[PDB]
There are 2 protein chains.
Amino acid sequence: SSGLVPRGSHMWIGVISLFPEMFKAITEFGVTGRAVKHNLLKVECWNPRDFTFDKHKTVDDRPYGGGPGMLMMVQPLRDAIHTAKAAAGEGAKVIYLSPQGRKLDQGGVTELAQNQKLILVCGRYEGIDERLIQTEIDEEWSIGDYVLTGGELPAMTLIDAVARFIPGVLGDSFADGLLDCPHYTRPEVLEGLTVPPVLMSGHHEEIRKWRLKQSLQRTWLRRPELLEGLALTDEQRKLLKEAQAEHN
Amino acid sequence: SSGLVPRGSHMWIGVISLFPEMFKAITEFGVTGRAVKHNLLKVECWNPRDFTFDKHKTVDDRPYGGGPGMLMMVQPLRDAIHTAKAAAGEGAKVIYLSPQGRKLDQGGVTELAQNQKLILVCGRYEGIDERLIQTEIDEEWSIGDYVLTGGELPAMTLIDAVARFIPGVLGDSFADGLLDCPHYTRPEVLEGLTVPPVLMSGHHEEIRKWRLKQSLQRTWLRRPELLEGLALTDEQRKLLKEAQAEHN
Ligand SMILES: NCc1ccc(CNc2ccc(C(N)=O)cn2)cc1
Ligand SMILES: NCc1ccc(CNc2ccc(C(N)=O)cn2)cc1
């Protein structure tokens with residue numbers, strides 16, 4: 001392991017997945033791809049398929065009590081987890097991604113990003129045996145109240161979200177707990193819509209206050225529950241009241 | 001376009017992305033990969049890079065009013081959107097994935113899945129010009145209250161979630177508005193933990209009621225706000241009260 005890029009806060013993420021090639025979407029492209037090449041982020045996959053012993057490499061099994069779907073077969077999945085934990089050494093927290101988990105939000109991303117090592121277990125079918133949660137999983141997390149064909153997209157979502165908090169990965173995330181303000185680039189006029197003159201003014205302080213007021217107004221109109229989680233600054237209370245008066 | 005697999009409800013999804021190779025994670029693997037091969041789901045990508053005219057194929061641009069980040073360059077992105085809309089023909093709703101969007105949940109997935117054609121616009125950098133939202137985007141959606149390096153993982157998350165509602169894709173999603181019950185597979189005993197005897201009984205009705213009670217108990221302990229959105233059946237009111245009495 002070598003290179004010139006400061007990597008003091010580098011993260012290691014082990015992944016248990018039946019489809020490790022999915023992870024190329026994050027390891028080979030964009031900002032996450034650069035993090036991996038610069039050794040700020042390492043993503044290491046184990047496939048339960050490689051832990052099977054039968055001729056057909058069976059990775060699913062029938063649920064007790066019947067019902068329609070399959071579960072991940074215990075022995076191959078358990079063996080893959082044990083191999084990832086041995087590789088990771090001490091301090092690796094094991095995360096299972098499921099709709100039954102703790103709801104991920106940006107605060108939870110920053111809590112997760114304090115871990116120098118994670119193992120992300122990706123369930124396929126109707127998920128994993130309850131007893132493996134009890135014996136192998138440190139924390140269960142959901143990316144949101146929907147059901148996907150597997151935990152791989154949730155795992156990749158968490159990796160990407162945490163990676164942004166690794167110093168050096170980026171070249172301001174829900175700034176102030178608010179929805180982000182509108183942004184504008186060239187051209188000055190688009191389908192008769194003009195860039196707000198304040199953004200053209202060069203007045204750094206008036207621009208700051210316009211963006212903060214817009215963020216407060218958009219949070220209030222779209223996601224008012226997000227305001228209730230906040231103790232607004234004096235300046236923020238005044239800009240919201242001005243945006244609420246102007247709306248009315 | 002041909003094949004034997006019933007595809008009456010087939011979905012077409014256009015995608016605008018600087019990294020269309022990311023979409024292989026859904027189009028080449030698992031249940032979504034099978035949907036694509038069977039013509040239940042088509043995913044068609046346009047890359048704004050192919051709509052550039054400068055020697056360096058520039059796809060970012062500086063925000064008006066300064067600040068740290070870049071935006072997607074308007075002309076290449078707008079041209080890619082127009083080409084996707086012409087390809088899609090009439091009835092294609094254009095979705096922009098952003099943290100400022102409507103929060104996706106399973107109900108919203110099923111609303112989105114009523115569309116036979118979607119175009120998913122994937123923003124990189126600090127996102128897209130506000131005026132393109134106004135002029136090109138039908139609906140803005142978030143997959144959750146976190147910030148990612150791009151809209152591609154959110155787009156792939158929505159495709160996967162909607163695909164499950166396409167008849168024939170699957171071989172019961174938040175059944176009853178509740179968190180799913182525990183599942184068990186072989187072996188009968190794992191690290192001294194035994195499968196609940198009821199699941200071994202063959203008694204289809206007692207198994208149904210045990211799984212419903214567990215789902216009510218887990219929703220109540222982990223996500224009690226989910227119970228408030230529900231008008232529980234008589235049977236559900238009785239099983240929750242029994243689980244709440246047994247907890248206490
Ligand atoms: N029956 C439980 C179960 C467990 C695991 C799966 C795999 N797919 C997932 C995993 C996580 C999420 C999420 N919202 O973070 C969504 N879909 C499905 C079902
Ligand atoms: N500054 C606004 C903005 C817009 C678009 C992006 C691209 N990344 C995204 C897109 C969608 C989501 C989400 N939660 O669904 C998360 N991250 C970033 C920033």
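Computation of the quantities below employed the complete heavy-atom set of this structure, encompassing side-chain atoms and omitting hydrogens, waters and symmetry-equivalent molecules. To find a chain, count down the sequence lines: A is the first, B the second, and so on, and within it residues start at 1. All ligand and atom numbering here is 1-based and tracks the order in the structure.
Residue contacts with ligand 1: A:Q100 is included, with a non-hydrogen atom under 4.0 Å away.
Only the side chain of B:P154 comes within 4.0 Å of ligand 2, judged by heavy-atom distances. Residue contacts with ligand 1, taken as heavy atom pairs separated by less than 4.0 Å, do not involve B:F174 at all.
Of the protein's non-hydrogen atoms, A:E126 O, 3.2 Å is the one closest to atom 2 (C) of ligand 1. Annotation: atom 10 (C) of ligand 1 to nearest protein heavy atom, A:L97 O, 3.5 Å. Protein heavy atom at the shortest distance from atom 14 (N) of ligand 1 is A:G144 O, 2.8 Å.
Between B:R223 and B:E225, at least one side-chain N (NZ, or NE/NH1/NH2) sits under 4.0 Å from a carboxylate O, which counts as a salt bridge.
In terms of N/O distances under 3.5 Å, ligand 2 is not approached by B:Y96. Looking at B:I143 next to ligand 2, an N or O pair under 3.5 Å apart turns up. Of the polar atoms of B:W141, none of the N or O atoms is found under 3.5 Å from an N or O of ligand 2, judged by distance alone. Checked by distance only, ligand 2 and B:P99 stay at 3.5 Å or farther apart across all their nitrogen or oxygen atoms. Residue contacts with ligand 2: B:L148 is placed with a nitrogen or oxygen under 3.5 Å of a nitrogen or oxygen of the ligand (distance criterion only). Between B:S142 and ligand 2, a contact under 3.5 Å exists for at least one N or O pair.
Counting only distance, with no hydrogens or angles, the side chain of B:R131 and the backbone of A:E191 share no donor-acceptor pair below 3.5 Å.
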